[PDB]
2 protein chains.
Amino acid sequence: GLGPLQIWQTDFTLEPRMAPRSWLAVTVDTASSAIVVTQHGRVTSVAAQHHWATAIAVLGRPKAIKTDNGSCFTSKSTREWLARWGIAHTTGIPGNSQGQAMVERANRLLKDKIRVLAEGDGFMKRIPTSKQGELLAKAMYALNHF
Amino acid sequence: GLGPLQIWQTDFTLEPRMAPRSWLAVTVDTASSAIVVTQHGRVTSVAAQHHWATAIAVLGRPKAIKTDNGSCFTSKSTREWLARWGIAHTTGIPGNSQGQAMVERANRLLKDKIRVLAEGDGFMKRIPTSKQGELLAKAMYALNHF
Ligand SMILES: [Ca+2]
Ligand SMILES: [Ca+2]
């Protein structure tokens with residue numbers, strides 16, 4: 001009962017191998033280190049809400065989420081969506097510096113796993129679109145379980 | 001170490017509120033009762049592999065999966081995909097009768113939660129396409145956590 005708080009860190013990261021939906025939305029559960037990733041065609045507020053809808057189904061509802069001040073995260077729409085769910089939102093400190101370091105380490109382990117699985121399949125450039133889906137699933141698998 | 005075996009039961013179920021991608025692929029982890037659902041436009045073998053790719057990222061790799069003899073599940077393609085992952089597959093007994101009862105109970109709790117959340121939003125018929133995604137996320141959330 002003295003366990004970790006259910007706080008998430010989310011961010012978006014660009015990955016051209018995953019084009020056209022090359023914007024990967026990544027969420028790290030700081031309680032368990034689990035990771036949830038979704039792809040999007042454009043960074044929008046709505047992209048951020050859809051990514052969270054999916055992470056919540058997978059991780060359960062957090063008590064809070066930390067993001068940077070990107071505008072897709074502090075727009076009105078996003079504040080209202082998070083309010084409707086009852087989740088608190090913080091963008092940390094104005095000149096944070098650090099503080100979002102797990103989601104950033106996550107971003108880097110993820111892109112690396114994607115490159116190594118993609119190349120294992122013989123794709124050295126963009127991944128065929130029909131194949132990105134299982135590859136992105138496979139990457140997430142590899143970083144969360146086995 | 002005497003805990004339950006990681007065996008899944010998967011099935012596809014039709015849901016017109018979710019049209020055009022009205023075929024919902026549902027997987028129950030018989031170890032934890034967690035549920036994973038994905039939508040598809042057509043019931044194909046490939047639909048079954050994509051659904052599992054996503055469930056594995058979410059639940060980890062099972063030791064076995066039980067399905068009925070639908071052809072999308074015993075086709076060559078599907079047998080080879082499951083073989084590549086190292087998961088055993090069984091379709092149970094020829095005139096099983098029961099044995100897939102959790103995935104079927106799941107199918108029914110799911111469609112019911114979708115109807116009640118959809119109607120809470122004022123959609124009494126098909127759900128606008130742009131809205132199905134979070135609604136399907138929301139349903140899964142409700143049946144797995146809170
Ligand atoms: Ca950012
Ligand atoms: Ca069936």
# chains A, B, ... in the order shown; residues from 1 in each chain; ligands from 1
$ interface_residues --of "chain A" --to "chain B" --cutoff "12 Å" --atoms "only C-alpha atoms" --output "ChimeraX atom specification"
/A:34-38,46-62,81,85,130-146
$ residues_near_ligand --ligand "ligand 1" --cutoff "9 Å" --atoms "only C-alpha atoms and all ligand atoms" --output "list in words"
residues 10, 11, 12, 13, 67, 68, 69 and 70 of chain A
$ select_by_dssp --residues "chain A" --states "strand (DSSP E)" --output "list in words"
residues 7, 8, 9, 10, 11, 12, 13, 14, 23, 24, 25, 26, 27, 28, 29, 35, 36, 37, 38, 39, 40, 64, 65, 66, 88, 89 and 90 of chain A
$ residues_around --residues "residue 89 of chain B" --least-positions-apart "3" --cutoff "10 Å" --atoms "only C-alpha atoms" --output "PyMOL selection string"
chain B and resi 7-9+63-67+73-74+78-79+82-83+86+92
$ write_last_selection --atoms "C-alpha atoms" --output "JSON list (two decimals), in the first residue's frame"
[["chain", "number", "residue", "atom", "x", "y", "z"],
["B", 7, "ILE", "CA", -3.57, -20.22, -22.08],
["B", 8, "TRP", "CA", -5.76, -17.92, -24.21],
["B", 9, "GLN", "CA", -9.17, -18.46, -25.84],
["B", 63, "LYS", "CA", 2.06, -20.96, -23.99],
["B", 64, "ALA", "CA", -1.08, -21.88, -25.89],
["B", 65, "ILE", "CA", -4.16, -20.48, -27.55],
["B", 66, "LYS", "CA", -7.51, -22.21, -27.95],
["B", 67, "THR", "CA", -9.84, -21.24, -30.84],
["B", 73, "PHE", "CA", -7.54, -19.99, -37.37],
["B", 74, "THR", "CA", -6.57, -23.29, -38.92],
["B", 78, "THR", "CA", -2.09, -18.94, -39.25],
["B", 79, "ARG", "CA", -0.43, -22.24, -38.28],
["B", 82, "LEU", "CA", 1.85, -19.26, -34.42],
["B", 83, "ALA", "CA", 4.69, -21.70, -35.11],
["B", 86, "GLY", "CA", 6.45, -20.68, -30.58],
["B", 92, "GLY", "CA", -10.01, -28.52, -28.39]]
$ closest_residue --among "B:87, B:28, B:43, B:19" --to "ligand 2" --atoms "only C-alpha atoms and all ligand atoms"
B:43
$ closest_residue --among "B:14, B:124, B:31, B:118" --to "ligand 2" --atoms "only C-alpha atoms and all ligand atoms"
B:14
$ select_by_dssp --residues "chain A" --states "helix (DSSP H, G or I)" --output "MDAnalysis selection string"
chainID A and resid 16:18 45:59 71:74 76:85 101:120 129:144
$ closest_residue --among "A:5, A:33, A:80, A:121" --to "residue 106 of chain A" --atoms "only C-alpha atoms"
A:33
$ atom_distance --atom1 "atom CA of residue 103 of chain B" --atom2 "atom CA of residue 6 of chain A"
29.7 Å
$ atom_distance --atom1 "atom CA of residue 4 of chain B" --atom2 "atom CA of residue 30 of chain B"
8.2 Å
$ residues_around --residues "residue 41 of chain B" --least-positions-apart "5" --cutoff "8 Å" --atoms "only C-alpha atoms" --output "PyMOL selection string"
chain B and resi 19-23
$ write_last_selection --atoms "C-alpha atoms" --output "mmCIF file, in the first residue's frame"
data_model
loop_
_atom_site.group_PDB
_atom_site.id
_atom_site.type_symbol
_atom_site.label_atom_id
_atom_site.label_comp_id
_atom_site.auth_asym_id
_atom_site.auth_seq_id
_atom_site.Cartn_x
_atom_site.Cartn_y
_atom_site.Cartn_z
ATOM 1 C CA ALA B 19 -19.172 -0.935 -38.926
ATOM 2 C CA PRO B 20 -17.404 -0.846 -41.186
ATOM 3 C CA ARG B 21 -14.806 -2.599 -39.028
ATOM 4 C CA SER B 22 -17.478 -4.645 -37.258
ATOM 5 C CA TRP B 23 -15.635 -7.892 -36.751
#
$ atom_distance --atom1 "atom CA of residue 1 of chain B" --atom2 "atom CA of residue 2 of chain A"
25.2 Å
$ closest_residue --among "B:119, B:104, B:15, B:112" --to "ligand 2" --atoms "only C-alpha atoms and all ligand atoms"
B:104
